[PDB]
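Quick look at entry14.pdb (PDB, N, CA and C atoms):
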```pdb
ATOM      1  N   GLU M   1      -8.054  -4.829  15.777
ATOM      2  CA  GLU M   1      -8.474  -5.366  14.438
ATOM      3  C   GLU M   1      -7.307  -5.869  13.597
ATOM      4  N   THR M   2      -7.608  -6.729  12.643
ATOM      5  CA  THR M   2      -6.590  -7.329  11.776
ATOM      6  C   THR M   2      -6.115  -6.397  10.698
ATOM      7  N   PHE M   3      -4.992  -6.732  10.058
ATOM      8  CA  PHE M   3      -4.468  -5.859   9.005
ATOM      9  C   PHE M   3      -5.523  -5.727   7.896
ATOM     10  N   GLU M   4      -6.078  -6.866   7.471
ATOM     11  CA  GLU M   4      -7.104  -6.878   6.434
ATOM     12  C   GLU M   4      -8.283  -5.968   6.796
ATOM     13  N   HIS M   5      -8.706  -5.968   8.056
ATOM     14  CA  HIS M   5      -9.811  -5.094   8.496
ATOM     15  C   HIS M   5      -9.450  -3.623   8.262
ATOM     16  N   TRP M   6      -8.300  -3.182   8.787
ATOM     17  CA  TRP M   6      -7.912  -1.799   8.550
ATOM     18  C   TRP M   6      -7.753  -1.475   7.035
ATOM     19  N   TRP M   7      -7.147  -2.388   6.302
ATOM     20  CA  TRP M   7      -6.892  -2.102   4.923
ATOM     21  C   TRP M   7      -8.168  -2.031   4.117
ATOM     22  N   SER M   8      -9.112  -2.926   4.413
ATOM     23  CA  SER M   8     -10.377  -2.967   3.660
ATOM     24  C   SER M   8     -11.094  -1.608   3.757
ATOM     25  N   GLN M   9     -10.851  -0.859   4.831
ATOM     26  CA  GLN M   9     -11.473   0.457   4.931
ATOM     27  C   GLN M   9     -11.005   1.384   3.830
ATOM     28  N   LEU M  10      -9.758   1.218   3.360
ATOM     29  CA  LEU M  10      -9.275   2.072   2.268
ATOM     30  C   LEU M  10      -9.973   1.744   0.956
ATOM     31  N   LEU M  11     -10.689   0.615   0.900
ATOM     32  CA  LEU M  11     -11.355   0.205  -0.340
ATOM     33  C   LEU M  11     -12.859   0.484  -0.279
ATOM     34  N   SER M  12     -13.251   1.079   0.842
ATOM     35  CA  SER M  12     -14.607   1.461   1.164
ATOM     36  C   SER M  12     -14.906   2.854   0.599
TER      37      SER M  12
ATOM     38  N   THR R  26     -11.012   8.120 -12.161
ATOM     39  CA  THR R  26      -9.622   8.644 -11.922
ATOM     40  C   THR R  26      -8.558   7.584 -12.205
ATOM     41  N   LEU R  27      -8.059   7.534 -13.440
ATOM     42  CA  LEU R  27      -7.029   6.555 -13.802
ATOM     43  C   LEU R  27      -5.641   7.112 -13.521
ATOM     44  N   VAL R  28      -4.739   6.253 -13.052
ATOM     45  CA  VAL R  28      -3.381   6.675 -12.724
ATOM     46  C   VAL R  28      -2.322   5.780 -13.373
ATOM     47  N   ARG R  29      -1.102   6.299 -13.469
ATOM     48  CA  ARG R  29       0.015   5.572 -14.101
ATOM     49  C   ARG R  29       1.197   5.571 -13.145
ATOM     50  N   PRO R  30       1.375   4.476 -12.409
ATOM     51  CA  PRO R  30       2.469   4.350 -11.441
ATOM     52  C   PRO R  30       3.862   4.511 -12.017
ATOM     53  N   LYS R  31       4.728   5.144 -11.241
ATOM     54  CA  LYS R  31       6.120   5.278 -11.646
ATOM     55  C   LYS R  31       6.765   3.884 -11.533
ATOM     56  N   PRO R  32       7.964   3.696 -12.120
ATOM     57  CA  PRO R  32       8.663   2.412 -12.083
ATOM     58  C   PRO R  32       8.728   1.661 -10.742
ATOM     59  N   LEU R  33       9.067   2.335  -9.652
ATOM     60  CA  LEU R  33       9.167   1.595  -8.386
ATOM     61  C   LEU R  33       7.799   1.076  -7.873
ATOM     62  N   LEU R  34       6.777   1.915  -7.944
ATOM     63  CA  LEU R  34       5.454   1.477  -7.473
ATOM     64  C   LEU R  34       4.944   0.421  -8.444
ATOM     65  N   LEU R  35       5.264   0.592  -9.732
ATOM     66  CA  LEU R  35       4.783  -0.379 -10.681
ATOM     67  C   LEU R  35       5.420  -1.732 -10.391
ATOM     68  N   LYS R  36       6.700  -1.741 -10.013
ATOM     69  CA  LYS R  36       7.400  -2.996  -9.706
ATOM     70  C   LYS R  36       6.700  -3.682  -8.512
ATOM     71  N   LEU R  37       6.313  -2.883  -7.524
ATOM     72  CA  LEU R  37       5.612  -3.423  -6.345
ATOM     73  C   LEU R  37       4.279  -4.092  -6.758
ATOM     74  N   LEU R  38       3.432  -3.367  -7.493
ATOM     75  CA  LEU R  38       2.131  -3.895  -7.925
ATOM     76  C   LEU R  38       2.280  -5.150  -8.801
ATOM     77  N   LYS R  39       3.219  -5.121  -9.737
ATOM     78  CA  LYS R  39       3.400  -6.304 -10.579
ATOM     79  C   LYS R  39       3.879  -7.512  -9.764
ATOM     80  N   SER R  40       4.645  -7.259  -8.697
ATOM     81  CA  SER R  40       5.135  -8.339  -7.849
ATOM     82  C   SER R  40       4.011  -9.147  -7.170
ATOM     83  N   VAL R  41       2.812  -8.565  -7.086
ATOM     84  CA  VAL R  41       1.671  -9.266  -6.507
ATOM     85  C   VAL R  41       0.582  -9.642  -7.532
ATOM     86  N   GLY R  42       0.989  -9.839  -8.786
ATOM     87  CA  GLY R  42       0.022 -10.264  -9.788
ATOM     88  C   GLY R  42      -0.617  -9.239 -10.698
ATOM     89  N   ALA R  43      -0.382  -7.952 -10.449
ATOM     90  CA  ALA R  43      -0.935  -6.886 -11.286
ATOM     91  C   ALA R  43      -0.190  -6.923 -12.630
ATOM     92  N   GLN R  44      -0.946  -6.966 -13.711
ATOM     93  CA  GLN R  44      -0.344  -7.068 -15.036
ATOM     94  C   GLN R  44      -0.732  -5.894 -15.929
ATOM     95  N   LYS R  45      -0.710  -4.685 -15.385
ATOM     96  CA  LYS R  45      -1.099  -3.508 -16.165
ATOM     97  C   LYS R  45      -0.244  -2.303 -15.820
ATOM     98  N   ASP R  46      -0.336  -1.248 -16.623
ATOM     99  CA  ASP R  46       0.450  -0.038 -16.385
ATOM    100  C   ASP R  46      -0.452   1.140 -16.024
ATOM    101  N   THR R  47      -1.751   0.975 -16.262
ATOM    102  CA  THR R  47      -2.755   1.991 -15.964
ATOM    103  C   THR R  47      -3.696   1.405 -14.915
ATOM    104  N   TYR R  48      -3.947   2.180 -13.859
ATOM    105  CA  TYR R  48      -4.783   1.712 -12.740
ATOM    106  C   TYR R  48      -5.803   2.714 -12.253
ATOM    107  N   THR R  49      -6.827   2.213 -11.562
ATOM    108  CA  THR R  49      -7.742   3.108 -10.915
ATOM    109  C   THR R  49      -7.043   3.146  -9.532
ATOM    110  N   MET R  50      -7.348   4.148  -8.717
ATOM    111  CA  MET R  50      -6.730   4.239  -7.403
ATOM    112  C   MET R  50      -7.124   3.055  -6.523
ATOM    113  N   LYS R  51      -8.360   2.583  -6.674
ATOM    114  CA  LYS R  51      -8.795   1.446  -5.863
ATOM    115  C   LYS R  51      -7.953   0.218  -6.165
ATOM    116  N   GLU R  52      -7.609   0.003  -7.441
ATOM    117  CA  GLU R  52      -6.794  -1.141  -7.812
ATOM    118  C   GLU R  52      -5.435  -0.980  -7.170
ATOM    119  N   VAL R  53      -4.880   0.226  -7.250
ATOM    120  CA  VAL R  53      -3.588   0.443  -6.645
ATOM    121  C   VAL R  53      -3.654   0.093  -5.142
ATOM    122  N   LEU R  54      -4.676   0.575  -4.452
ATOM    123  CA  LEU R  54      -4.792   0.283  -3.026
ATOM    124  C   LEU R  54      -5.006  -1.196  -2.790
ATOM    125  N   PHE R  55      -5.723  -1.847  -3.696
ATOM    126  CA  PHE R  55      -5.968  -3.263  -3.512
ATOM    127  C   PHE R  55      -4.664  -4.060  -3.527
ATOM    128  N   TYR R  56      -3.847  -3.848  -4.554
ATOM    129  CA  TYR R  56      -2.578  -4.536  -4.723
ATOM    130  C   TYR R  56      -1.528  -4.115  -3.675
ATOM    131  N   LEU R  57      -1.559  -2.865  -3.221
ATOM    132  CA  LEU R  57      -0.610  -2.463  -2.167
ATOM    133  C   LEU R  57      -0.967  -3.245  -0.891
ATOM    134  N   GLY R  58      -2.264  -3.403  -0.635
ATOM    135  CA  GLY R  58      -2.688  -4.163   0.544
ATOM    136  C   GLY R  58      -2.243  -5.611   0.400
ATOM    137  N   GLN R  59      -2.365  -6.150  -0.811
ATOM    138  CA  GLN R  59      -1.967  -7.533  -1.028
ATOM    139  C   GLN R  59      -0.479  -7.694  -0.762
ATOM    140  N   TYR R  60       0.313  -6.726  -1.224
ATOM    141  CA  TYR R  60       1.763  -6.745  -1.029
ATOM    142  C   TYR R  60       2.127  -6.707   0.475
ATOM    143  N   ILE R  61       1.544  -5.758   1.227
ATOM    144  CA  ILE R  61       1.794  -5.643   2.676
ATOM    145  C   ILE R  61       1.384  -6.926   3.400
ATOM    146  N   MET R  62       0.231  -7.467   3.049
ATOM    147  CA  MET R  62      -0.232  -8.667   3.683
ATOM    148  C   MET R  62       0.635  -9.878   3.377
ATOM    149  N   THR R  63       0.941 -10.092   2.107
ATOM    150  CA  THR R  63       1.740 -11.249   1.736
ATOM    151  C   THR R  63       3.155 -11.227   2.275
ATOM    152  N   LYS R  64       3.739 -10.036   2.408
ATOM    153  CA  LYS R  64       5.102  -9.917   2.938
ATOM    154  C   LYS R  64       5.097  -9.716   4.455
ATOM    155  N   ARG R  65       3.910  -9.791   5.070
ATOM    156  CA  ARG R  65       3.727  -9.640   6.514
ATOM    157  C   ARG R  65       4.446  -8.403   7.047
ATOM    158  N   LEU R  66       4.262  -7.251   6.390
ATOM    159  CA  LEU R  66       4.968  -6.057   6.880
ATOM    160  C   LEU R  66       4.262  -5.389   8.063
ATOM    161  N   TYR R  67       3.039  -5.810   8.367
ATOM    162  CA  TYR R  67       2.302  -5.210   9.480
ATOM    163  C   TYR R  67       2.735  -5.814  10.798
ATOM    164  N   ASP R  68       2.540  -5.042  11.868
ATOM    165  CA  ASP R  68       2.887  -5.473  13.227
ATOM    166  C   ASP R  68       1.826  -6.505  13.614
ATOM    167  N   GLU R  69       2.232  -7.592  14.265
ATOM    168  CA  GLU R  69       1.262  -8.645  14.620
ATOM    169  C   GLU R  69       0.353  -8.225  15.752
ATOM    170  N   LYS R  70       0.836  -7.348  16.625
ATOM    171  CA  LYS R  70       0.045  -6.887  17.762
ATOM    172  C   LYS R  70      -0.901  -5.708  17.481
ATOM    173  N   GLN R  71      -0.414  -4.685  16.777
ATOM    174  CA  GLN R  71      -1.209  -3.496  16.406
ATOM    175  C   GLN R  71      -1.140  -3.592  14.893
ATOM    176  N   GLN R  72      -2.078  -4.344  14.314
ATOM    177  CA  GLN R  72      -1.991  -4.607  12.882
ATOM    178  C   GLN R  72      -2.243  -3.481  11.924
ATOM    179  N   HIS R  73      -2.442  -2.254  12.429
ATOM    180  CA  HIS R  73      -2.520  -1.082  11.528
ATOM    181  C   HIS R  73      -1.132  -0.491  11.341
ATOM    182  N   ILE R  74      -0.168  -0.916  12.159
ATOM    183  CA  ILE R  74       1.209  -0.415  12.003
ATOM    184  C   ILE R  74       1.905  -1.230  10.919
ATOM    185  N   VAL R  75       2.538  -0.545   9.967
ATOM    186  CA  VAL R  75       3.247  -1.198   8.883
ATOM    187  C   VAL R  75       4.739  -0.762   8.870
ATOM    188  N   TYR R  76       5.638  -1.750   8.955
ATOM    189  CA  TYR R  76       7.097  -1.477   8.983
ATOM    190  C   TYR R  76       7.605  -1.626   7.557
ATOM    191  N   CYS R  77       8.234  -0.593   7.034
ATOM    192  CA  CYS R  77       8.707  -0.726   5.689
ATOM    193  C   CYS R  77      10.157  -0.355   5.488
ATOM    194  N   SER R  78      10.885  -0.155   6.588
ATOM    195  CA  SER R  78      12.285   0.273   6.541
ATOM    196  C   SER R  78      13.214  -0.507   5.613
ATOM    197  N   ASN R  79      13.222  -1.826   5.704
ATOM    198  CA  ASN R  79      14.152  -2.607   4.853
ATOM    199  C   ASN R  79      13.391  -3.268   3.674
ATOM    200  N   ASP R  80      12.526  -2.502   3.019
ATOM    201  CA  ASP R  80      11.703  -3.054   1.940
ATOM    202  C   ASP R  80      11.501  -1.991   0.892
ATOM    203  N   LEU R  81      11.238  -2.410  -0.336
ATOM    204  CA  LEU R  81      10.994  -1.492  -1.411
ATOM    205  C   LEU R  81       9.910  -0.474  -1.019
ATOM    206  N   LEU R  82       8.949  -0.902  -0.198
ATOM    207  CA  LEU R  82       7.903   0.018   0.239
ATOM    208  C   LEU R  82       8.483   1.226   0.969
ATOM    209  N   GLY R  83       9.602   1.021   1.660
ATOM    210  CA  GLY R  83      10.224   2.096   2.427
ATOM    211  C   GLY R  83      10.756   3.175   1.505
ATOM    212  N   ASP R  84      11.266   2.737   0.361
ATOM    213  CA  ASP R  84      11.759   3.673  -0.655
ATOM    214  C   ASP R  84      10.638   4.495  -1.275
ATOM    215  N   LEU R  85       9.458   3.895  -1.409
ATOM    216  CA  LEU R  85       8.299   4.578  -1.991
ATOM    217  C   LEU R  85       7.726   5.635  -1.060
ATOM    218  N   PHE R  86       7.493   5.238   0.178
ATOM    219  CA  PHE R  86       6.924   6.128   1.155
ATOM    220  C   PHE R  86       7.960   7.104   1.620
ATOM    221  N   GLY R  87       9.229   6.719   1.500
ATOM    222  CA  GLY R  87      10.302   7.559   2.002
ATOM    223  C   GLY R  87      10.261   7.650   3.529
ATOM    224  N   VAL R  88       9.582   6.710   4.198
ATOM    225  CA  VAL R  88       9.463   6.685   5.668
ATOM    226  C   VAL R  88       9.738   5.261   6.166
ATOM    227  N   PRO R  89      10.033   5.098   7.464
ATOM    228  CA  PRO R  89      10.308   3.751   7.981
ATOM    229  C   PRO R  89       9.075   2.908   8.349
ATOM    230  N   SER R  90       7.950   3.562   8.585
ATOM    231  CA  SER R  90       6.731   2.878   8.970
ATOM    232  C   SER R  90       5.596   3.895   8.873
ATOM    233  N   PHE R  91       4.364   3.404   8.889
ATOM    234  CA  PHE R  91       3.187   4.269   8.824
ATOM    235  C   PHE R  91       2.033   3.444   9.360
ATOM    236  N   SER R  92       0.896   4.105   9.584
ATOM    237  CA  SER R  92      -0.302   3.457  10.084
ATOM    238  C   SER R  92      -1.318   3.410   8.964
ATOM    239  N   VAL R  93      -2.000   2.274   8.845
ATOM    240  CA  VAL R  93      -2.998   2.075   7.808
ATOM    241  C   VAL R  93      -4.108   3.122   7.957
ATOM    242  N   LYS R  94      -4.292   3.570   9.198
ATOM    243  CA  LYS R  94      -5.292   4.587   9.483
ATOM    244  C   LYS R  94      -4.974   5.967   8.889
ATOM    245  N   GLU R  95      -3.722   6.212   8.513
ATOM    246  CA  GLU R  95      -3.385   7.531   7.955
ATOM    247  C   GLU R  95      -3.705   7.557   6.466
ATOM    248  N   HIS R  96      -4.985   7.650   6.122
ATOM    249  CA  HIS R  96      -5.358   7.632   4.707
ATOM    250  C   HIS R  96      -4.721   8.680   3.812
ATOM    251  N   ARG R  97      -4.691   9.908   4.304
ATOM    252  CA  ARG R  97      -4.137  10.989   3.523
ATOM    253  C   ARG R  97      -2.671  10.709   3.232
ATOM    254  N   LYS R  98      -1.945  10.239   4.247
ATOM    255  CA  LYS R  98      -0.527   9.929   4.073
ATOM    256  C   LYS R  98      -0.326   8.862   2.983
ATOM    257  N   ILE R  99      -1.149   7.814   3.015
ATOM    258  CA  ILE R  99      -1.082   6.765   2.016
ATOM    259  C   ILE R  99      -1.426   7.263   0.636
ATOM    260  N   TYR R 100      -2.460   8.073   0.519
ATOM    261  CA  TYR R 100      -2.793   8.612  -0.803
ATOM    262  C   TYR R 100      -1.664   9.488  -1.341
ATOM    263  N   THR R 101      -1.072  10.288  -0.454
ATOM    264  CA  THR R 101       0.019  11.193  -0.833
ATOM    265  C   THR R 101       1.226  10.418  -1.387
ATOM    266  N   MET R 102       1.462   9.246  -0.812
ATOM    267  CA  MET R 102       2.542   8.375  -1.283
ATOM    268  C   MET R 102       2.229   7.898  -2.683
ATOM    269  N   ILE R 103       1.018   7.409  -2.915
ATOM    270  CA  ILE R 103       0.701   6.957  -4.255
ATOM    271  C   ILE R 103       0.853   8.109  -5.260
ATOM    272  N   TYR R 104       0.240   9.250  -4.957
ATOM    273  CA  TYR R 104       0.279  10.402  -5.851
ATOM    274  C   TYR R 104       1.707  10.830  -6.207
ATOM    275  N   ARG R 105       2.604  10.796  -5.242
ATOM    276  CA  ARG R 105       3.958  11.209  -5.538
ATOM    277  C   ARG R 105       4.653  10.122  -6.328
ATOM    278  N   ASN R 106       4.043   8.942  -6.373
ATOM    279  CA  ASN R 106       4.630   7.851  -7.111
ATOM    280  C   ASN R 106       3.900   7.507  -8.385
ATOM    281  N   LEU R 107       3.324   8.547  -8.976
ATOM    282  CA  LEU R 107       2.560   8.457 -10.217
ATOM    283  C   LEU R 107       3.201   9.304 -11.304
ATOM    284  N   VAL R 108       3.016   8.906 -12.561
ATOM    285  CA  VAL R 108       3.591   9.672 -13.668
ATOM    286  C   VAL R 108       2.575  10.596 -14.352
TER     287      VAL R 108
END
```

When written as structure tokens, how does the structure in this file appear?
Amino acid sequence: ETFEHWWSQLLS
Amino acid sequence: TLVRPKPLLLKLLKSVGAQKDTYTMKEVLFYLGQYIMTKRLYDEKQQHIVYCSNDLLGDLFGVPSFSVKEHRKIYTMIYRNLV
């Protein structure tokens, strides 16, 4: 997965 | 849960367009992600790996790299960098 994909999880 | 970043973390957030001194944790995470992404600090192959050794981020985390998957570690960094 992309950086944005992993990071977006922290905003979930 | 409102937070107040210490000078170094605040410098990082402001560097990506944040214009405030008081943040919710989500805002802090949003702007930290923007900073990592814009400075391309993540590994291109395993994009959850973030290299921060020669960057202001390295001084904040006090580590050379970390994984985006380590949520607790990331939260702990923000918390220690709050006033």

Taking only residues of chain M that have an atom at most 6 Å from an atom of chain R, what is each one's shortest atom pair and its distance in Å to one decimal, using all atoms listed in the file, in chain and number order, as a Markdown table?
```
| residue | atom | partner | partner_atom | distance |
| --- | --- | --- | --- | --- |
| M:1 | C | R:72 | N | 5.5 |
| M:2 | C | R:72 | CA | 5.0 |
| M:3 | CA | R:72 | C | 4.4 |
| M:6 | C | R:93 | C | 5.9 |
```

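Straight-line separation from atom C of residue R:30 to atom N of residue R:43: 13.3 Å.
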
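Here atom N of residue R:79 is placed at a distance of 28.4 Å from atom CA of residue M:12.
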
* Asked: Could you state the separation of atom CA of residue R:103 and atom CA of residue R:78 in Å, given to one decimal place?
  ->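 Straight-line distance from atom CA of residue R:103 to atom CA of residue R:78 works out to 17.2 Å.
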
* When distances are computed from all atoms listed in the file, which of R:105, R:29, R:40, R:90 shows the smallest separation from residue R:77? ->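 Residue with the minimum atom-to-atom distance to residue R:77: R:90.
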
If I wrap all listed atoms of stretch 89-94 of chain R in a box with edges along x, y and z and add 6 Å on each side, what are its centre and edge lengths in Å to one decimal, as AutoDock Vina command-line options?
```
--center_x 2.5 --center_y 4.0 --center_z 8.8 --size_x 27.6 --size_y 15.9 --size_z 14.6
```

* Out of R:84, R:108, R:76, R:56, which residue has the shortest atom-to-atom distance to residue M:8 when counting only C-alpha atoms? ->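 Once distances to residue M:8 are computed over only C-alpha atoms, the minimum belongs to R:56.
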
* Those in chain R with helix (DSSP H, G or I) from DSSP, as an MDAnalysis selection string -> chainID R and resid 32:40 50:63 81:86 96:105

* Asked: Pick the closest to residue R:82 from R:27, R:34, R:107, R:53: which is it, counting only C-alpha atoms?
  ->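 Closest to residue R:82, using only C-alpha atoms: R:34.
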
* Of the candidates R:49, R:106, R:44, R:101, which shows the shortest atom-to-atom distance to residue M:11, using only C-alpha atoms? ->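 Among the listed residues, the smallest separation from residue M:11 belongs to R:49.
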
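For chain R, the set of residues given strand (DSSP E or B) by DSSP on the backbone reads residues 27, 28, 30, 48, 49, 67, 74, 75, 76, 90, 91, 92 and 107 of chain R.
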
Could you rebuild chain M with N, CA, C and O atoms and give me the result as a CSV table (one decimal), in the frame of the given file?
```
chain,number,residue,atom,x,y,z
M,1,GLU,N,-8.1,-4.8,15.8
M,1,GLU,CA,-8.5,-5.4,14.4
M,1,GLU,C,-7.3,-5.9,13.6
M,1,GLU,O,-6.2,-5.5,13.8
M,2,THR,N,-7.6,-6.7,12.6
M,2,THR,CA,-6.6,-7.3,11.8
M,2,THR,C,-6.1,-6.4,10.7
M,2,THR,O,-6.8,-5.4,10.4
M,3,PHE,N,-5.0,-6.7,10.1
M,3,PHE,CA,-4.5,-5.9,9.0
M,3,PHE,C,-5.5,-5.7,7.9
M,3,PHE,O,-5.8,-4.6,7.4
M,4,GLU,N,-6.1,-6.9,7.5
M,4,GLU,CA,-7.1,-6.9,6.4
M,4,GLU,C,-8.3,-6.0,6.8
M,4,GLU,O,-8.8,-5.3,5.9
M,5,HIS,N,-8.7,-6.0,8.1
M,5,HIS,CA,-9.8,-5.1,8.5
M,5,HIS,C,-9.4,-3.6,8.3
M,5,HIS,O,-10.2,-2.9,7.6
M,6,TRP,N,-8.3,-3.2,8.8
M,6,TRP,CA,-7.9,-1.8,8.6
M,6,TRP,C,-7.8,-1.5,7.0
M,6,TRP,O,-8.2,-0.4,6.6
M,7,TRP,N,-7.1,-2.4,6.3
M,7,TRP,CA,-6.9,-2.1,4.9
M,7,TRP,C,-8.2,-2.0,4.1
M,7,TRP,O,-8.3,-1.1,3.3
M,8,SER,N,-9.1,-2.9,4.4
M,8,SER,CA,-10.4,-3.0,3.7
M,8,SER,C,-11.1,-1.6,3.8
M,8,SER,O,-11.9,-1.2,2.9
M,9,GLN,N,-10.9,-0.9,4.8
M,9,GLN,CA,-11.5,0.5,4.9
M,9,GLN,C,-11.0,1.4,3.8
M,9,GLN,O,-11.8,2.3,3.4
M,10,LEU,N,-9.8,1.2,3.4
M,10,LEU,CA,-9.3,2.1,2.3
M,10,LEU,C,-10.0,1.7,1.0
M,10,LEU,O,-9.9,2.5,0.0
M,11,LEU,N,-10.7,0.6,0.9
M,11,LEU,CA,-11.4,0.2,-0.3
M,11,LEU,C,-12.9,0.5,-0.3
M,11,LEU,O,-13.6,0.1,-1.2
M,12,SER,N,-13.3,1.1,0.8
M,12,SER,CA,-14.6,1.5,1.2
M,12,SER,C,-14.9,2.9,0.6
M,12,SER,O,-14.0,3.5,0.0
```
